[PDB]
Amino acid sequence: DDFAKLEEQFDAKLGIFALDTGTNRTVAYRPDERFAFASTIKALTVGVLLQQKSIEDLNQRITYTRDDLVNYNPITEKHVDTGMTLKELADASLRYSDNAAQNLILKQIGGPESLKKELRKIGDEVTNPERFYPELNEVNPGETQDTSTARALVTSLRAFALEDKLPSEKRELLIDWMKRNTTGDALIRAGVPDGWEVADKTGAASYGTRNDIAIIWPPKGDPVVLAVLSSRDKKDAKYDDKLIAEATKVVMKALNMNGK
């Protein structure tokens, strides 16, 4: 009942799914409960981008304007005059959670409806992309627009990063971006022992939604793929990163990973 205890300590709802790809062992807590996916969708969106382009095609320069900027544009706001390549957009999106970068990438693959179709093609019938930033963060309880589940996000992230939805050189680009994410140090990363490599993508949205999805490599062994999702009752709720860090610690102990 440690996940329940965390829900109690943090006045939140948790959604957990974790798969040890070494043993096929699984840790689940509300694994099929929907949450707003928030910026975790950025990781899947780059998976789809990568599928649709050669590596060299990522060097395509995307010109854009001030009207492409939205609520959080840490990288894209600096390069309006020069544009940015698709590769640079992917970097910004994954490593800084640049919202305008996600929108520009979405545009290049044909929009939310197109993303949805490519996700269905790789076998995800759950994740429901419908809107761009900033609106995709606004999901009320019981709505399904721009939501997914912990099980579906783990399944989809594994498929792109570790299985055969991408060729090895494209898996490597995705993995390396997510390993070097700047936004996640207080989340899954904080619940895994020092030195263990972590690839992650965070998210935050309305109703105090606070998410992280990750691949976690022990020093030797097959990786664990994990989604820790959370949300709260009030629309303007605050979140606490420590919830996600502590949930991760529970998952790691439940998988017999602390230590090795």
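Counting begins at 1, following the sequence as shown.
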- Please work out which of 76 to 84 and 89 to 97 has the higher mean CA B-factor as recorded in the PDB entry. 76 to 84
- Identify the stretch, either 251 to 259 or 4 to 12, whose C-alpha atoms have the larger mean B-factor according to the entry. 251 to 259
- Message: Can you tell me which of 118, 185, 176, 135 has the maximum CA B-factor listed in the PDB entry?
- Response: 135
- Query: Between 196, 37, 207, 29, which carries the biggest CA temperature factor in the record?
  - Reply: 196
- Divide the modelled residues of the chain into thirds by Cα B-factor and specify which third, lowest, middle or highest, holds residue 131. highest
- Item | Chain third (lowest, middle, highest) by recorded CA B-factor, residue given as residue 55 | middle
- Task: Give the position of residue 140 by CA B-factor within its chain, expressed as the lowest, middle or highest third.
- Result: highest
- Going by the recorded CA B-factors, say which third of the chain residue 232 sits in, lowest, middle or highest. middle
- Task: Give the position of residue 147 by CA B-factor within its chain, expressed as the lowest, middle or highest third.
- Result: lowest
